[PDB]
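In: Let me start by giving you these chains from the complex, positioned as in the assembled structure:
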Amino acid sequence: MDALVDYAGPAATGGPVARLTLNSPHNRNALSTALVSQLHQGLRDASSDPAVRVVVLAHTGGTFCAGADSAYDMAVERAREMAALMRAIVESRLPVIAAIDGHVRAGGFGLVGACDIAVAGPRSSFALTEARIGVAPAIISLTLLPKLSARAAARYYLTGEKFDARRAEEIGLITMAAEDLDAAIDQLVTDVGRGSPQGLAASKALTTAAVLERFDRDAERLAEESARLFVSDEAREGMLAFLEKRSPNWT
Amino acid sequence: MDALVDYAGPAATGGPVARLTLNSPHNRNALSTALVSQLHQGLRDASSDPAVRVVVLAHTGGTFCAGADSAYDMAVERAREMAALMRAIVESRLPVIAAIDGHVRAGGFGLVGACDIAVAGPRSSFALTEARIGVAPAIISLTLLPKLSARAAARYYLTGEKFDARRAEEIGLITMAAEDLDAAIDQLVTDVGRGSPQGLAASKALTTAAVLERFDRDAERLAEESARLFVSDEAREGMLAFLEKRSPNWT
């Protein structure tokens, strides 16, 4: 297996499928510049092969993805880079299926939201704790707000509560909870692979049109907001309190 | 009972209700030119009678509706005709309730989506197999995408899986699953009939405004897409493989 993203095509998978595996154990599969570039190239390699009709986005280790790896300039570019990665997944001719069995935090939510189908197993957990450190889930709203129920987005954005796979299915964050992740993915890949390349591309595009319109309207405004919050006084205190394990001064 | 659509008014139903029954057994209640014209006239006859406050859309046989009955010109007009029928149901002063106890495929989904309320019994089944024959659910998206959960539309458009009445209720395709269809319809008709003609028309229009805006933006573009897919190379192979019972060449 390669690092930081491994590619396995039809000759290794035994089907009309490419598997892209996140494999960066040193930082719990964080969204570094190198990992992001390697995901763009992997998606391109899959689309270029006429034998591929579907992609699986998988991971090694106990965490699926825990988020990001003057200060204003670096923060605004990090946000734009997250939007461009999500947009590449949404624009693809190929259906993309997430295979989750581990923790999901921060920017990781944006990957889960961008996939067409998502399945999670019994080790999985989810929490939106942005407000507790002085910020907000701005950029990831591009794929979360079209898919979560209204009442669930408002609850979990404001409470920061941790929840499981069953709750994630109920609210629209994932497609299905499964005790046997491998068996569920194998069945979904079999059924999607029955579709023609033209039929799958056109059927996907019907479901993504409204999502791409939201990116056109809101991506730049949300990137600027993300950066303003990152360099603020309350964000500095929030992160400092976390690293020292004390409570923040507003409490 | 008349063919291809039967009309029963208040003097036969014993209430402030008209029943329109699909009755074309030779082709499993397919959407022929004649059946479509007779549904338009039935909806007009119901609205014209001041004693009618609600319509039930019912069927004979084991199938509710299984879809459609140079080649480009015929295909584009078939798609526009489907949009106009759905739009007539959505624009009516009258609440329209579907009574389903049988199979639903292709264009049949568009009728179910257009109704204000829908109930399905224990013989019912649903499957979106468009991609498996080289096409997409384009025109029917006008009423499916405003009502299905986001995760469910993406799953079932891409997998082609068959599902039951209970699953259809969970995802927003129908209002309720019922073991006794006749008892559930009788109760719903009693409760809707308590409303005044003006109150029911204004209450319905609040819920249909966003749907009619989508028709204004997207109906023509979707009709042109439907026709392009119908006359394509992959669509020809898809239908030929089905009729011979062999697998299509992309597998």
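Out: Arrived safely, thanks for sending. Residues are numbered from 1 along each chain as shown, chains lettered A, B, ... in the order given.

In: mind checking how far stretch A:232-241 is from the chain centre?
Out: 25 Å (CA atoms, centre = their mean, to the nearest Å).

In: Ignore what I typed, I meant stretch A:2-16.
Out: Here the centre of stretch A:2-16 is set off from its chain's centre by 20 Å, with CA atoms, centre = their mean.

In: Name the residues that touch it?
Out: Defining contact as CB atoms under 8 Å, 6 or more residues apart in numbering or on different chains, one finds that stretch A:2-16 is touched by A:17-24, A:32, A:34-35, A:38-39, A:42, A:45-46, A:49, A:51-54, A:189-190, A:193, B:251. C-beta coordinates here come from the backbone N, C-alpha and C atoms, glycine included.

In: out of these, which are inside helices?
Out: For the contacts of stretch A:2-16, membership in helices holds for A:34-35, A:38-39, A:42, A:45-46, A:189-190, A:193, with DSSP state H as the criterion.

In: burial of the residue of the stretch 1-150 of chain A found nearest chain B, as a residue count?
Out: Checking the stretch 1-150 of chain A residue by residue against chain B with CB to the nearest CB singles out residue A:147 as nearest, at 4.5 Å. The tally of other residues near residue A:147 (other CB atoms under 10 Å in any protein chain shown) stands at 21.

In: which residues does residue A:234 contact?
Out: By CB under 8 Å, 6+ apart, residue A:234 lies in contact with A:134, A:250.

In: Which element, helix or strand, includes it?
Out: With elements taken from DSSP states H and E, the one containing residue A:234 is helix A:233-244.

In: Residues of chain A that sit close to chain B?
Out: Listed as neighbours of chain B in chain A under the rule CB under 8 Å from any CB of the partner chain: A:16, A:53, A:95, A:116-118, A:146-147, A:172, A:174-175, A:188, A:191-200, A:202-204, A:206-207, A:210.

In: Any chance of a PyMOL selection covering the buried ones in the residues you listed?
Out: A single PyMOL command is used to select the members of the residues of chain A next to chain B judged buried by 16 or more other CB atoms under 10 Å in any protein chain shown:
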select buried, chain A and resi 16+53+95+116+117+118+146+147+172+174+175+188+192+193+194+195+196+197+198+199+200+202+203+204+206+207
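
In: From the residues of chain A next to chain B, which land in helices?
Out: Checked against DSSP H, these include these in helices: A:188, A:191-193, A:197-200, A:202-204, A:206-207, A:210.

In: circling back to that earlier point, could I have the CA atoms of the helix holding residue A:234 written out in PDB?
Out: Listed next in PDB are the C-alpha coordinates belonging to helix A:233-244 (Å, rounded to 0.1, in the frame of the first residue of the first chain):
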ATOM      1  CA  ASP A 233      -9.400  36.700  19.900                       C
ATOM      2  CA  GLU A 234     -12.000  34.100  20.900                       C
ATOM      3  CA  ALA A 235     -10.500  31.500  18.600                       C
ATOM      4  CA  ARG A 236      -7.000  32.000  20.100                       C
ATOM      5  CA  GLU A 237      -8.400  31.500  23.600                       C
ATOM      6  CA  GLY A 238     -10.400  28.500  22.500                       C
ATOM      7  CA  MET A 239      -7.400  26.600  21.100                       C
ATOM      8  CA  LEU A 240      -5.100  27.500  24.000                       C
ATOM      9  CA  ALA A 241      -7.700  26.200  26.600                       C
ATOM     10  CA  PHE A 242      -7.900  22.900  24.700                       C
ATOM     11  CA  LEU A 243      -4.200  22.200  24.600                       C
ATOM     12  CA  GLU A 244      -3.800  23.000  28.300                       C
END
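
In: one more, chain C:
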Amino acid sequence: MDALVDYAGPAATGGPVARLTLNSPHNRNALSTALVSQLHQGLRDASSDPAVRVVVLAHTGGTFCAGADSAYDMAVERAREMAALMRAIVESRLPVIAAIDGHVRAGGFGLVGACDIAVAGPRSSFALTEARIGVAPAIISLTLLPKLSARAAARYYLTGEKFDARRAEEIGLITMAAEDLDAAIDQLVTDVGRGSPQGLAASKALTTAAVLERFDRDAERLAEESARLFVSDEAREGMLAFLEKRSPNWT
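Out: Below is chain C, added to the chains above:
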């Protein structure tokens, strides 16, 4: 406790929370001019105090709120006043949580819809009987249509059926049903209060942007519709039939 709205701040609540209690027992907590003015002032007093990070909207008695307390001019202004109260809740820097254990009717639905989070206990009931008296749920659509499932809005607007807390959670009208209301509110207030003032305000605004756009487009048109229906012939007969306990003449 004060009438018609009581205010309790951090020194009385023992936390970073203000409680606003509806306390107008003579008319079952109806939306009078005085009660509405006192709610605006209470929301302002909470936002002005830097120690407050969340608001609870509570009630005395067995009813949460049962709705409204020449004729055209009075009706159009009543509708605009309802929209402005809902908009004040939606625009606030503070998360607002409803605590319901009683009946909800008419304009009361608009308060429940405007809150960010809503919890209801075992005495609660809900019914949209507008069509039965010749009118429609026009103004309250501003907060109900963004949060209810499509199939549920269409069903309950047209049937007038009564339903409970469990059903209200299923359809998106509330966040959660609870047997012990006080215990559930205490836990939610604890978790929200962990967030910073800036983080909570920015996280809320992401979820309210689409709602405020709907107010901009539709509030005035909906206020004019409300007033036209109020002074109509069918509305006069509907209310007269109710007060005499007879059936209306359209049945």
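
In: Please reconsider the contacts of stretch A:2-16 now that chain C is part of the model.
Out: For stretch A:2-16, the surrounding residues in contact (CB under 8 Å, 6+ apart) are A:17-24, A:32, A:34-35, A:38-39, A:42, A:45-46, A:49, A:51-54, A:189-190, A:193, B:251.

In: next one: phi and psi at residue A:105?
Out: Its backbone dihedrals place residue A:105 at phi -140, psi 160, with angles given as degrees, to the nearest 10.

In: Narrow the contacts of stretch A:2-16 to just the buried residues.
Out: In the contacts of stretch A:2-16, burial by neighbour count holds for A:17-24, A:35, A:38-39, A:42, A:46, A:52-54, A:189, A:193, counting by 16+ other CB under 10 Å.

In: Check the spacing between the residue nearest to the spatial centre of chain A and chain C real quick.
Out: Ranked by distance to the mean C-alpha position of chain A (CA atoms, centre = their mean), the top residue is residue A:111 at 1.2 Å. Going from residue A:111 to chain C by CB to the nearest CB, to the nearest Å gives 19 Å.

In: Output stretch A:149-161 as CSV, restricted to C-alpha atoms.
Out: This file holds the C-alpha atoms of stretch A:149-161, laid out as CSV (Å, rounded to 0.1, in the frame of the first residue of the first chain):
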residue,chain,number,x,y,z
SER,A,149,-32.7,17.7,8.2
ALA,A,150,-33.2,21.3,9.2
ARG,A,151,-33.8,20.5,12.9
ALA,A,152,-30.7,18.2,13.1
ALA,A,153,-28.3,20.8,11.5
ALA,A,154,-29.5,23.5,14.1
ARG,A,155,-29.2,21.1,17.1
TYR,A,156,-25.8,19.6,16.4
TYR,A,157,-24.1,22.9,15.2
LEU,A,158,-25.1,24.6,18.5
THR,A,159,-24.9,21.8,21.2
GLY,A,160,-21.6,20.1,20.0
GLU,A,161,-23.0,16.7,21.1
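
In: List the buried residues of it.
Out: Residues A:149-161 are the ones in stretch A:149-161 that count as buried (16+ other CB under 10 Å).

In: who's in contact with it?
Out: A:127-132, A:136-137, A:144-145, A:148, A:163, A:170-173, C:95, C:116-118, C:146-147, C:172, C:174-175, C:188, C:191-192, C:194-195, C:200, C:203-204, C:206-207.

In: which among those residues end up buried?
Out: When the contacts of stretch A:149-161 are checked against 16+ other CB under 10 Å, the ones flagged as buried are A:127-132, A:136-137, A:144-145, A:148, A:163, A:171-173, C:95, C:116-118, C:146-147, C:172, C:174-175, C:188, C:192, C:194-195, C:200, C:203-204, C:206-207.

In: Give me the subset of the residues you listed lying in strands.
Out: Among the buried ones among the contacts of stretch A:149-161, the residues falling in strands (DSSP state E) are A:127, C:117-118.

In: Neighbours of residue A:50, how many?
Out: For residue A:50, the number of neighbouring residues by other CB under 10 Å comes to 9.
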